[PDB]
Amino acid sequence: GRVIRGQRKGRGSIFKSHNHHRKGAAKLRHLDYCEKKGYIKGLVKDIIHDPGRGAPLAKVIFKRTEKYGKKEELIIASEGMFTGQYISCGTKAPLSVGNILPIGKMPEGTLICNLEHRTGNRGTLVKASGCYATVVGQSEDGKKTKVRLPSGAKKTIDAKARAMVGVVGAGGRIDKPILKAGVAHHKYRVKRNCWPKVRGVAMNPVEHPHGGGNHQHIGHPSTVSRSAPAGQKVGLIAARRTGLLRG
Amino acid sequence: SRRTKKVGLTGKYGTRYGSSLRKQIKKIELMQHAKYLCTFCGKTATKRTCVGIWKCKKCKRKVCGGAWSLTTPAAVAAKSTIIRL
Amino acid sequence: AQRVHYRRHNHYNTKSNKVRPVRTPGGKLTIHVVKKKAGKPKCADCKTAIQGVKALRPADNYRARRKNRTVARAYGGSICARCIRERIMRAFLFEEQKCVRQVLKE
Amino acid sequence: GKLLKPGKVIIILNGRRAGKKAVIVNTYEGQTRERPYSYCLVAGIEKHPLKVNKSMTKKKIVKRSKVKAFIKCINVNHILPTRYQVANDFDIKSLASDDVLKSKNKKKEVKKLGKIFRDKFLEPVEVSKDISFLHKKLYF
Amino acid sequence: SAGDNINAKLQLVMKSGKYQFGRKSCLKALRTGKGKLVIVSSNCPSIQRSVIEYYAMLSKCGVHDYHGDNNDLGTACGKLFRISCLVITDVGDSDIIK
Amino acid sequence: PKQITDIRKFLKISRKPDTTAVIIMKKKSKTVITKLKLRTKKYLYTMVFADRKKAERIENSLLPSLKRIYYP
Amino acid sequence: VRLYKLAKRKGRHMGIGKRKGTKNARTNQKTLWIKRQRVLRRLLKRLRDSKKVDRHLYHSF
RNA sequence: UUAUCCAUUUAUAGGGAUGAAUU
RNA sequence: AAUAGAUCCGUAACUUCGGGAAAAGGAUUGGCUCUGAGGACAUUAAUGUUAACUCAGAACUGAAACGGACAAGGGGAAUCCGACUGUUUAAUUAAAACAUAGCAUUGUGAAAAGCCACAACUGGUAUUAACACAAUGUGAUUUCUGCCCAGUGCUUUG
RNA sequence: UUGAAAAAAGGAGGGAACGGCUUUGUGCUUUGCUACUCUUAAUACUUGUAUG
RNA sequence: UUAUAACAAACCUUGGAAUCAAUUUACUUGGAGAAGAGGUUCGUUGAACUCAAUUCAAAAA
RNA sequence: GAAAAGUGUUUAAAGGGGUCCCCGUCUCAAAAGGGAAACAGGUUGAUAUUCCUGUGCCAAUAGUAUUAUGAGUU
Ligand SMILES: [Mg+2]
Ligand SMILES: [Mg+2]
Ligand SMILES: [Mg+2]
Ligand SMILES: [Mg+2]
Ligand SMILES: [Mg+2]
Ligand SMILES: [Mg+2]
Ligand SMILES: [Mg+2]
Ligand SMILES: [Mg+2]
Ligand SMILES: [Mg+2]
Ligand SMILES: [Mg+2]
Ligand SMILES: [Mg+2]
Ligand SMILES: [Mg+2]
Ligand SMILES: [Mg+2]
Ligand SMILES: [Mg+2]
Ligand SMILES: [Zn+2]
Ligand SMILES: [Zn+2]
């Protein structure tokens, strides 16, 4: 038959991200001598909306320790940060909302965001509006730290890995119903063209495993193996259980 | 004369949209549109500009907050913990 | 009424091609393309319009006299007066505080 | 008490002398049909002596250390008084005179003031903190 | 308890004595030497607070960091507007000076 | 186009060697009004003398190497 | 047309039958309100200037 | 760890204890 | 075909209390001649110069006529389907089809992950990071979603 | 849904550098003298024919 | 830079506001300084305004 | 990759600005985005903000030497 919707996506044509209006990538500071041995202070000069995001960014300006000039970075804004607030980043930084510290230097229970999964990664985990990771332990041999991601998953990362004390701004955005179709239209219009979503069951056979039939029904189990191929991964991929989640 | 009894701010939506959904929107709308107390000037002038941005008409200071309320409880808790530490 | 028409190649109602209907000595009503209103040069800090500087487009700003581009303070036509004052205060007060801190330490 | 004493150093906050430091000479504090504001009357430095290095030759050093002064009457609400006071190091009455502000040869007076400042800078004394502060161009 | 005491003192001052509230007036008072003690709200904007402190130092005056917000400082006086910083220029029966 | 009011300034302009042409116009006013135009390389300066005799005198004064245009 | 205008001025043509737009379209309620308020406010301003009214009274009114 | 692979930046200090900041 | 514009009246069942609703159903409307209501100024509370157009009311009038042409809803009582605005078979199908918000499920903690693309190297999602992205199903709300894992799937331990 | 970018231009911070001529020694240093540094416009002259 | 005048703003000086005030069609704003009194600027506008000049007569430097 | 082609910093010794340092893929892509500066009258059988008359505006304008124009210094 034909190429399914999903398959089309990968070539990225009309299916690339809508990148034009975005302010730029959100990234932590480069991991310089400063950040590794002491702290460096910056100022959030403005907090600003990024289109495809649900969380505002903070433009924070730093002084280059190696060259005369100010340099502007793009952080994700933690809740409670404000314009003209001072941000401190480094091994020997103090533990306040907004600052950026190695996970090793925060007592357990601390709440962090924009976490690097390896050191230097410029921040990778807990970025979406509302989310945070919690420090749940530091190994007695040191070196690693144990964190709990918004999913529930526990992961062990390097203590040298950086993070930002506090929670990401714009929380509870998902609490409000997207009452109208058009408001969702507007939302995805700034991400990528994954809206309208036709049901495979509403398609013809050429178009989808689910396609066709006199009655509009799936016709076969809709749980597909991990070891399926491109046009078979169409329903509930690799589903370990199904039905209303009781656990 | 007070126009709506239970509807309030959701009078713009009218008859359409589930009533339950409208009720929820109402709370959220209220949260959004209330002039919050600015923790700098003191004047209740902080209003929502974007999703997580809250600007004051007094200071022009943009404070990062929650999507609908200026402070989500979790964030407050986190702050408190930090303070205690 | 006397009907008019565009004369400057661009025949679309764009922000740059905004038009003012003008009467001529010949009696004919003619079209004149209005030069766009430039945004007022605003402060480096609070982004509020700076006085003393004429709001002119990058083209018109080059021909204009230096008096229409500059204010005679320190940071001049880049920072409003209040902000300048604030900066000055910061420079002094902070410095003073530093000294005090040093004294305390010693 | 009365913070603005004749001789104390102050930082101008407003006008063409934006962030300049100066010494007040005669405080008036009397509103009139003329000046409906308490005003200070101040002699200050507009152009500070540029940084100098030991290796440099004497004439060039001297040139570097030339100070361009100014004398201005200014509303007290526009000056920040400092803890630093130069009552001793400067014979203040000699610097600025009320009558001379009105006088034609104001430029000459200014020049004289500048010269005096330069001289003071040259001969430190023992060494006052206030004078050092005055010397150091304010960075903002 | 301390806060309560402070409030009481403020009230007393209001009842009997001479005070003036708000930045510029306070500054003027300080300049004069008329100020006996200044009280600064928690939320008073940093630079201005610093300036006030400096002024106080210059006049060998007390600075009193009022524990509560701008709004409170105002509610603390008989006023329905926020105050920020005030200057006692004459204490009545009140003790706050000592 | 420029208007002139200081007679002296006008005279000075006239004295200046980039002034090739002059114009003198007569207008029935709503008496005889007279416009004195000087045509410089860059600008055309014009003076309105309400008083005929004065205008005449000024014209007389004007250098006789000027290429005077009597418009009406 | 001039005659018609004259008639209208004397109130002749105007009448329920000669009306096609709603009352608001005929003469906008909002505009009327604006007029009225501005008239009143101007008067108030005048009165206070004359000292004929005291500020407190003015404000309440 | 040297092959290899991944990341990071201008490949920018060997390890430990709401101003300014340059010749 | 009838209905229709506007002003004044009058407005039910039911309802998610927002609507229904212009509900239904009435009445009035021309022309002429008047009357009242609504400003701006500027003189000194009276006196002036003067501006729109809009209201409201009263006479008289006519072959009882008047939104005189033009323009301009038929309405109601119900039942079935879809909630709704939207989209679609260009040239036989405009829908009860699709979408939709909402609900639910599943996978994935990352450059050795998820889903997809590419002959290959490389790439997209991704200037992304679980309030995310990908993949399904159902289709606002209200009220609920029983039982069955033998069969076929998917999946977990070795 | 927060609603382009750059060319180009401007402002500010910052304080590098510093008058001309003549003589002497190896651009630099020393000595003596006082109209100098700018800036428009015009003009004259060489250099390829110096306004579109 | 058309000269000015007028006006919506923004800012400055003075002034110190509960008997809350100023204020818009709307709300907005005010001890982080309101009203009021005097100003400055940008922007509209592009001869408005006595704008300019002239006619002379009186008062200062 | 057999090539044709497919990718565009993934392990580059990738021209400019200052007085050796500091920057830096190139190039095309808008006759509705950005952008140096023009208007009026007149004129032809047919062109006109393009010709003519008049009035302007914008960008250039090497070096040396004179000149005038005013600044600043002494
Ligand atoms: Mg869906
Ligand atoms: Mg669907
Ligand atoms: Mg089908
Ligand atoms: Mg199939
Ligand atoms: Mg079918
Ligand atoms: Mg179905
Ligand atoms: Mg209304
Ligand atoms: Mg439908
Ligand atoms: Mg068809
Ligand atoms: Mg459907
Ligand atoms: Mg349903
Ligand atoms: Mg079931
Ligand atoms: Mg091109
Ligand atoms: Mg164009
Ligand atoms: Zn605020
Ligand atoms: Zn500012």
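Calculation criteria
Residues numbered from 1 in each chain as written, not as in the entry; some residues may be left out. Chains lettered and ligands numbered in written order. Part of a larger assembly, values for the part shown. Heavy atoms only, no water. Helix = DSSP H or I, 4+ residues; strand = E, 2+ residues; numbered from the N terminus. UniProt positions renumbered as here; feature names shortened; annotations may be inferred. Buried < 20%, exposed > 50% of the residue type's maximum accessible area, 1.4 Å probe, protein only. Contact = heavy atoms within 4.5 Å. Salt bridge = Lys/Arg side-chain N within 4 Å of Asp/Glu carboxyl O. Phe/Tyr/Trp six-rings, centres within 6.5 Å; stacked < 30°, edge-to-face > 60°. Axes fitted to C-alpha atoms, helices over the stretch in contact; angles between N-to-C directions. Parallel < 35°, antiparallel > 145°, perpendicular 65-115°, else oblique. Left-handed = near helix turned anticlockwise from the far one by under 90°.

The record lists cryo-EM as the method behind this PDB entry and 3.20 Å as its resolution.

A. The arrangement of the environment of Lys20(G) in detail. Summarising the element assignment, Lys20(G) is placed in the loop between α1 (2–9) and α2 (23–26). It is 20 Å that separates the C-alpha atoms of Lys20(G) and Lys10(G), two residues lying 10 residues apart in sequence.

B. Just the UniProt feature "binding site: Zn(2+) 1" (unreviewed entry) in chain C, in detail. Residue and element names in this part refer to chain C. As annotated in UniProt, the feature "binding site: Zn(2+) 1" (unreviewed entry) corresponds to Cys43, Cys46, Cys80 and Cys83 in the numbering used here. A stretch of 41 residues holds the annotated residues, and the largest C-alpha distance among them is 8.7 Å, short enough that they meet in one place. Turning to its location among the elements, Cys46 is positioned in the loop between β2 (29–33) and α1 (60–63). On the basis of relative accessible area, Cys46 is assigned to the partly exposed category, the value being 36%. With respect to the secondary-structure elements, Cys80 resides in the loop between α1 and α2 (81–105). Apart from residues no more than four positions distant in its own chain, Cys80 is found in contact with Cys43, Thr48 and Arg73.

C. Geometry of the pattern of salt bridges. This model, assessed by the stated rule, comprises 14 salt bridges over all chains. Where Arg63(C) meets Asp60(C), a salt bridge forms, and the shortest distance between an N and an O atom there is 3.2 Å. Separated by three residues within a single helix, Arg63(C) and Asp60(C) lie in helix α1, roughly one turn from each other. Among the residues examined, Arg63(C) registers a relative accessible area of 55% and is labelled exposed. A salt bridge links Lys2(D) to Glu29(D), with the shortest nitrogen-to-oxygen separation between them at 3.7 Å. With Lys2(D) in the segment before β1 (8–12) and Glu29(D) in the loop between β2 (21–24) and β3 (42–47), the pair connects residues that are 27 residues apart, well separated along the chain. On the basis of relative accessibility, which here comes to 49%, the residue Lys2(D) falls in the partly exposed class. Take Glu29(D): its relative accessible area is 35%, and that puts it in the partly exposed class.

D. Just the packing of aromatic side chains, in detail. Applying the stated rule across the entire model yields 15 aromatic pairs over all chains. Ring centres of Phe92(C) and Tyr54(E) lie 5.1 Å apart, and the angle between their planes is 75 degrees; on these two criteria the pair is classed as edge-to-face. Residue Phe92(C) is located in helix α2, and its partner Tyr54(E) is located in helix α3 (residues 46–58); the two belong to separate chains. With a relative accessible area of 1%, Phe92(C) lands in the buried category.

E. Fine view of the packing of α2(C) against α3(E). Interhelical geometry of α2(C) versus α3(E) gives an angle of 55 degrees and a closest axis separation of 10 Å. Regarding the angle of α2(C) to α3(E), the classification is oblique. In terms of crossing hand, the pair formed by α2(C) and α3(E) is left-handed. Between α2(C), through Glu86(C), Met89(C), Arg90(C), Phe92(C), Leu93(C), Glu96(C) and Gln97(C), and α3(E), the contact on the second element is made entirely by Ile47(E), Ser50(E), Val51(E) and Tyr54(E).

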